[PDB]
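Okay, so here's the structure we're looking at.
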Amino acid sequence: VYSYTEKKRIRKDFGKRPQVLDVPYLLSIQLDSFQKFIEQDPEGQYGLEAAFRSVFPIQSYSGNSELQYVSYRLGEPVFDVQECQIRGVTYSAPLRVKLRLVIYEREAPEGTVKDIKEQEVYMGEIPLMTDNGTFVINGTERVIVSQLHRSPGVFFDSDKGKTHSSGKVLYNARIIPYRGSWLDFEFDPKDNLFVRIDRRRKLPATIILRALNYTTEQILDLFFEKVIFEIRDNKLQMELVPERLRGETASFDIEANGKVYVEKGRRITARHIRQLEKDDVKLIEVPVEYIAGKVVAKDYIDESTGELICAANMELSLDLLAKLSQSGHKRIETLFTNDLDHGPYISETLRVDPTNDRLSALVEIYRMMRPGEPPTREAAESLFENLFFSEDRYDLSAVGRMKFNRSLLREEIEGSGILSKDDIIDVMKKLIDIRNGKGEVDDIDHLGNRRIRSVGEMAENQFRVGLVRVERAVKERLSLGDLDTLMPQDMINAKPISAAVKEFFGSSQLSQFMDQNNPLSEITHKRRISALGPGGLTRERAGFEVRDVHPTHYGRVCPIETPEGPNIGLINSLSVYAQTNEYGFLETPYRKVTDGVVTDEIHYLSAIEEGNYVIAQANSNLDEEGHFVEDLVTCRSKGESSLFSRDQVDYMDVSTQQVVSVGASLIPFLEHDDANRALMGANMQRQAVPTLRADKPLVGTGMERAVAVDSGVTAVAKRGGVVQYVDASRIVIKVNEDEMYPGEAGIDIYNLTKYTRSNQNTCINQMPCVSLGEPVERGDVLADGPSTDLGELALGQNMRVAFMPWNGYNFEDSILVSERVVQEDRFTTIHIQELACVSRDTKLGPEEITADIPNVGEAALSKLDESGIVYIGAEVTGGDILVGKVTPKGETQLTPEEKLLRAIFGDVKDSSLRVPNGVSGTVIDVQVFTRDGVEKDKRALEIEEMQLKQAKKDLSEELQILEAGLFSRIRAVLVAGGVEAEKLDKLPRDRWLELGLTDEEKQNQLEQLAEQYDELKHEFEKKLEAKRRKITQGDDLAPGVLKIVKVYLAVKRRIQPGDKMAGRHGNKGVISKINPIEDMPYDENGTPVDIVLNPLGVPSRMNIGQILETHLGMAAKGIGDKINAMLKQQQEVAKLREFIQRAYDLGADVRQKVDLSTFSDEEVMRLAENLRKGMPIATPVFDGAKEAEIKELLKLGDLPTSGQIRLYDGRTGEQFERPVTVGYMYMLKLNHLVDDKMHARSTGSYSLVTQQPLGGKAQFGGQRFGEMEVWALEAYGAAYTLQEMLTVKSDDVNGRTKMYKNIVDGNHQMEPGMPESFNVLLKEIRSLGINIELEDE
Amino acid sequence: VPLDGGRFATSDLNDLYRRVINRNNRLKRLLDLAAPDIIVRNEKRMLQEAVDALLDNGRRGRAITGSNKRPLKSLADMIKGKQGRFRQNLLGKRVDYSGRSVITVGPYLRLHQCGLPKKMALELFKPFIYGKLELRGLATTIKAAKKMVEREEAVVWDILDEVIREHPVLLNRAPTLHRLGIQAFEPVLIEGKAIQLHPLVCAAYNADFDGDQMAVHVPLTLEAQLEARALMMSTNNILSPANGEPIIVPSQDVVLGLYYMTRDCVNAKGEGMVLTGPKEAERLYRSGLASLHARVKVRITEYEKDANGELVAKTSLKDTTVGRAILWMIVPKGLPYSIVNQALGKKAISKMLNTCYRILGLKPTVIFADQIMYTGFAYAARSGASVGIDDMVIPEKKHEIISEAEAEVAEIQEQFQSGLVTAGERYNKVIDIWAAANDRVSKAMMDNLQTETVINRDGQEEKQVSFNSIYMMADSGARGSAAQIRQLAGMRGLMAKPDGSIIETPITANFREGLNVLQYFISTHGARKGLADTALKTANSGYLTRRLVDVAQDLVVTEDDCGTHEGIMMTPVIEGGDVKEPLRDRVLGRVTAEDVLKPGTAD
RNA sequence: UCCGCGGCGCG
DNA sequence: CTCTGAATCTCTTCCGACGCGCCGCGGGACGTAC
DNA sequence: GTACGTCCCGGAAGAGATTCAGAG
Ligand SMILES: [Mg+2]
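Protein chains in written order, with my numbering: chain A, 2 to 1338; chain B, -2 to 600.
In structure tokens, the structure reads:
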């Protein structure tokens, strides 16, 4: 079962594993992120309305005035997209908000407000999303990349080893809020608790606890358990629990009930513990020396004297024991403090602190926060209540609260945005337990601790910044308010929010420039995960663990695609099936398996809960019932790989394609290739160039259809129907009967995009691929874009290739190309350049653009009109003039005597645009921008008349076609219920309203048709008026410029020795020499080969997949030429039908199972004709074809089975003694031309700071001689050349003038002098107080 | 500098000067009215902070800032670092009369000359063209010269050809590493838009042809030309400045061709004949009547220099191969015949070239070098060594070896479930058994690939060395080693995880067959680790090289003989096993300190 | 206008 | 108990490769009159 | 709206504070 346009060219596919979930909407991240920010979200959640409800409601300083929020609405954009990129204005829309201001009277704060006022006010402008998912800021399209940042919540790092150089690992626990000040705890070699705030100086931990209204006894009770001592009449009896004696050191004989249990000098045994549990011993006698190390917790005060006997947290002594015993105390409570079970960290920290008063703690905090300021109670209280417990400055997000709760094993996963005392005390307790040895540390690289942002979140954050700025502004303005004498628009201003949004969208580390020259390039650019940006890492502070891939990266982020160089592993790309969870984590699909049956329903798993379960591999065979054919299947439980039983798994992979990203998944035979060359080949594939005539790729992956459809490049059909009128400019579709709306059905109209400037100086064009009378179905390709063909993705071309070393012209990686390749004109690429001329305003008068130019003759003016603008179609080369632009420098200072002196022997001067030297081409379009109030020349009038004619003819044709279809629909409806074959159309269709007929659904349907006809004609008149007014008016430009002339050159670039060509496996190389056709080797059949590679690279660069690809291409052409031979003779359809059927079965159990008995004879004839150029073959990434299928398919053809064919030589003409390999490989052209890096300079401009030549190519400069270059020259005996080169040719001015004069005279002699850059250093170092000078000669 | 618009892009120094002078003027004004001490002290402290900021910004806390956040620069910042004068504008400065492009091969050139594109040829040498044109008197002024050079008539190309005949130029690679990073050639005009560079030089530059860019320079004055002609040719750099081995060693292709040249097979057409001299061996070979490599007895007349500077002519009948005679056609007179009787790999040819240089002089060495390069390309092209997909024969015992290893690991695991073994020792044991299986399968694959060929020898049967394309390409020494062929044919062994330990499951699939997903995923770890390491290591090495080079800048040899008697005792190193380096490669090229005494003491 | 900052890319 | 006093711990600075090619933004604000 | 005045991450190394070790 296939649709009609899939019947044009069916792609044979291998494979055995049946897929269950097709590729989703591949461009979903940007769209589903942005369809939350500009949406009217009811009741408020993660949107603009939430931001307003968060910041907007404001109450003045008891001024009885309040500014609340009501609603918002976005108006229609002023300009469409096309006008936006053609002019230069942002594709934005106004943001209307309804605001309420209330002012109350006296004596009551809570009652009903006396007076209100409501109105609509304007504020800011928001950039929109085009349907391609991209942004237009300033005449330049730009793309936003999603950012990967550090997840909010509590985390336990460890800092292995490095600190203190002693092997004692420390432990820190930092809390990273979503917005606010940080907070972290850590240890010391002294084993103390320390608090730090925003990396400032170290403070003890107990200060916060004391400031939170906790007494010392409360702290000790919370952080430690309790033990009781009871002073009986003899030896201070003690209450005992047997389970606490694990690992404690004994000091005497433990006995109970008059029975000895533990021997003096020995330690407890497990059997002794069992015995103690058997006897339920509770109270034991204790010697006085056993209490020689316990510390009191709470204070004891004498009732009689009224003093303090023992203070909190100090060790007791014998004298203190006697005092407390004689004071009448019976219950004595102290600490546990074992060596291994519970460290006395809290006790020693409370000992080491200098202060023990909450007001003192607040004083310490206040002085720490703001040094050098007298503290006071109110300021400290406010500051502490505002740092952590204020809604304005500290706020955890819902994700932050969820993770914070999860890491502490609480129950309710919902809470407020601020923290509380329970949270901090639980964090301290968890840290103590982690130090104690229970629990485990948490690593960072795990994807369960990382979060992805997108456009919406960052836009909301910047917008909130703008609103907080305007909020403090309106507060300070309302603090001096008045009784509604002003209307609520003065306080609100469009400066701050607009400035913030413009700076974010224009100048940010994540609003990066679009790099588009291929559909794949944009399919892989918008799906990018950058680890840089605000709030993220920096390039120079990235270690190795952040670059290496964690074993939890399987199926979420690509492991093999990343830009090589300074930043590897930070620009990783998202996978194919991967999505975004609601909170923001990454997840991938899976299949839930029952005990024996693999159910087809899909479950989503995040990056945390997957480790608990066990996951089987995708590439495991299975039966029709889902039972695993083996009793053991390899799986992964916790980052490992092992073997498990028949029934212990709970989830299954969806398909074998989910491990890679879209960038590298297009490389056939990937599983036979090394990772390095796969990465390189993906990088070259990302950076191809459009070709003049695309050709289908012979060996594909069966995925090109999705990547071609989902990119914003192909005009995919919206609603099904049949084509009615096709043209190189527009396409019209007649709608089918089952897909019409009840009203205003009509027919669809499209508009192709012709030759226009691209963004990377390439050319994007659209050619219609649909015939006439060909019906179409919904969601189908009609006209292909650049590097596309019939809905497939065709980057380069396929050519016959052969492997051998040939006379050294393919020495190490060079390639030789026969003249046949350029003969067929199949590597020509089109490049479009934009040249601008500005008409600024300077002193002494403005400049003139007329053609009146002196110092040149008819040779330089034959290509110009009267206005001074080149005609359209004038073949221009290097050395002509495009616009005659002259600057009147002036200062003529005419004199009756001295001026005629200049004319005795033998003002405004030219500043016209100059063609780049070396590039030919033809001008295609000239566009002019003029400031309003300036006289337009003749050419501007003609151009605007041309636009008016084009617009009016377009609208007229649109009305003509639309109403023709409308009246055809009227006729079709009228065919039933009172039809008049000829009586209806005696007089033209303009009057079909006075028709006498019965009133039914048809009659009022026609009435509705006429009503919408009238409405349409009115609306078309209105918008024709609006459009002509819009196009006739002038346009705003930059300040100070008079007019702008835009001219487009269109150079056609051929192939030439120096260009870079590369395959799809990383075997790049630059072509070396072009050869006549006779010289390349030819086979016995007679056909010559086209490209000869270098076989030497295969051992080292172990990319064995290229050989397999070559053999597969040979097989494809072996089928294709056989079809060609069968087609050239006018043979009947049965033989070709059976041949194609045999070609399609040709293998083991596959998923295609196509049949030809359901094809029309015309359809199969067209399929055969379109298949004459070879058979495309689809191969999955990790489910490809083995060797046996290749051998069998070659056996289907007459080609040799071994894959090596004997070959002859062209020069000498004898057989090679060893046969070689030939076949068809997909060869690409990269965007590194040779006429872009070639450069030379004799003597150009000089800089001003130091008289040295400039740098770069656009600036006419020369190359740089570095310091290592100087060392290399010094390593020889080189003396004169070094001095000469860095003295005369570079710095000295008199020296180089003298050298020039001498060279033009035929002598060669040098005067060194002294370089002036050293003189610059002299002056600069003299600019300080240092006395630098040069002594005698 | 005024830019496009009504605003002026002010420099940081100007703003700092304005601030300091404004504060000074305000303080001068304030003291006139005898202000209270507090305010004048406060403004003085402001002035002092400002002048410190101007003199050195960022040394004190709260560094001043400019437009939005970037700290403004100062003179101290203008001297330091890569953005300062010393290391960016004084030691290395941009020079005119230069150009750059991409490189191609053009293997038909001789090694003392290089190609150069026409456009750069016209653009670089414009002053010379002007001088010659004025001497020949085709222009009264310079403006006519301007029109003629910009119009490039037919009268200027002959002049350009005349001025280039003997004018050396310099080539350069951007990340220059050693003293061979700069060399001079004799340019030869060529069409196109790229520079052709001789392939044999390409080994010295460590430059492939994947888009490398070379920068050209012109020595202008007369002494520069003479110095470049005396020291800067490739002909005067035949030995490395780091070691005594030649640096013009054949790299990749010619070595492969020559290794194909000499490997006699037991049976080929044309066996058992006698030839007069090498000059007719080619006559037989090119007529198709004798195979390229076959046993044959020929007469060879080599010249040897046992006598005092004169060459001795001796003749004999040597048993050799036809290809060896064809190569004997190209050897100079000095070398004895016993040097081309072996397989003639890469080390052998390097040593042979070295001894040719050591014995015969200099000029015959360079002539032999470029001639051998020509003939190597020619015969490698004739051979046509192509890699095929059936050329990788998998050993048939691999499956049974894997089965045995899996049975052993299964029984070890079962013993682990018996509670008799710990974790670390079984870990080490399974690693050991996997290593044993790896080396065993590697040995089996090497054994059944390197000598699989068997021939009837015109008799019953005989076993000879194999002519497999991949084995021949890997054993020559052109590119590859045992590790790469082992990885490509046998199982790849044990990969490591970022923790540094070894994953318990080896990869039991070679590149010829398929790979499972996790097997690829594990190797991704090593690939990424290697790429990151090679990214950072070059950055470290550059800084280390600069630190070494700055300190030894001033040591220049100035005297011919100090005249001392103190030396260091030199002995070969013995680590505790076989000798690593003998006296031959450690004492060579040094002067004796004390007289060497034979164990015939007092001799 | 020749400079600075930022991003991307190739050796 | 007291004085050195050598040893130790902690705070502050400098340093991290070298050639290119493409593109985009940049004295801005804040008030004072004109 | 605009011209104009004022303004604004290790790693290595050393210097300095601490410390406690031990002799007098
Ligand atoms: Mg390279």
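All C-beta atoms in this analysis are idealised placements derived from N, C-alpha and C, irrespective of residue type, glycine included.
Element boundaries [beta strand (DSSP E), containing residue i]
{"i": "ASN445 of chain B", "result": "Note, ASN445 of chain B: premise wrong, no beta strand (DSSP E); alpha helix (DSSP H) at 420 to 447."}
{"i": "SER95 of chain B", "result": "95 to 101"}
{"i": "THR335 of chain A", "result": "332 to 335"}
{"i": "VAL1271 of chain A", "result": "Where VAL1271 of chain A is concerned, there is no enclosing beta strand (DSSP E), although the alpha helix (DSSP H) it sits in stretches over 1268 to 1276."}
7 Å Cβ shell around residue i - same chain, five flanking residues per side excluded
{"i": "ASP1080 of chain A", "result": "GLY1211, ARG1212"}
{"i": "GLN20 of chain A", "result": "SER656"}
Beta-carbon contacts of residue i that lie in its chain and below 8 Å, excluding the five residues immediately before and after
{"i": "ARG1167 of chain A", "result": "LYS9"}
{"i": "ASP624 of chain A", "result": "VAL630"}
Element boundaries [alpha helix (DSSP H), containing residue i]
{"i": "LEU32 of chain A", "result": "30 to 35"}
{"i": "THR362 of chain B", "result": "360 to 380"}
Best match in the options for proximity to residue i [C-alpha to C-alpha]
{"i": "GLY560 of chain B", "options": "B:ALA136, B:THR312, B:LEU174, B:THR589", "result": "B:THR589"}
{"i": "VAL328 of chain B", "options": "B:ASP316, B:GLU301, B:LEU314, B:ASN305", "result": "B:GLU301"}
{"i": "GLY1263 of chain A", "options": "B:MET117, B:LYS144, B:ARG38, B:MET43", "result": "B:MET117"}
{"i": "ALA265 of chain B", "options": "B:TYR256, B:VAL246, B:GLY285", "result": "B:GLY285"}
{"i": "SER152 of chain A", "options": "A:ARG247, A:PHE586, A:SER4, A:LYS203", "result": "A:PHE586"}
{"i": "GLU995 of chain A", "options": "A:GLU1002, A:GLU1008, A:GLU983", "result": "A:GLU1008"}
{"i": "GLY416 of chain A", "options": "A:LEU397, A:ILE433, A:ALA532, A:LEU409", "result": "A:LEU397"}
{"i": "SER98 of chain B", "options": "B:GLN85, B:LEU108, B:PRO114, B:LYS90", "result": "B:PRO114"}
Contacts around residue i, its chain only, beta-carbon distance under 6 Å, and the 5 residues preceding and following it disregarded
{"i": "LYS395 of chain B", "result": "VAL438"}
{"i": "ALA683 of chain A", "result": "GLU562, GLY664, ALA665"}
Residue i CB to nearest heavy atom of ligand 2 below 7 Å
{"i": "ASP696 of chain A", "result": "Looking at this structure, you won't find ligand 2 anywhere; what it does contain is ligand 1."}
Original post:
At which residue ranges does the segment 187 to 228 of chain A contain complete beta strand (DSSP E) runs of 3 or more residues, listed in the order of the chain?
Top reply: If only uninterrupted beta strand (DSSP E) runs of at least 3 residues are considered, those enclosed by the segment 187 to 228 of chain A are 195 to 197.
**OP:** Could you name each continuous alpha helix (DSSP H) segment of 4 residues or more that falls completely within the segment 649 to 720 of chain A, going from the start of the chain to the end?
**Re:** 676 to 687, 705 to 711
**OP:** Answer yes if the segment 440 to 449 of chain A comes into contact with the segment 183 to 202 of chain A, meaning at least three C-beta pairs across the two stretches below 8 Å, and no otherwise.
**Re:** no
Subject >> Every unbroken beta strand (DSSP E) within the segment 714 to 785 of chain A, with a cutoff of 3 residues, ordered by chain >> reply: 722 to 727, 732 to 736, 782 to 785
**OP:** Mind listing, in chain order, the continuous alpha helix (DSSP H) runs of no fewer than 4 residues lying wholly within the segment 12 to 99 of chain A?
**Re:** 30 to 35, 49 to 56, 82 to 88
**OP:** Examine the Cβ distances between the segment 1007 to 1021 of chain A and the segment 904 to 923 of chain A and report whether three or more of them are shorter than 8 Å.
**Re:** No: the two stretches stay apart, fewer than three of their Cβ pairs being nearer than 8 Å.
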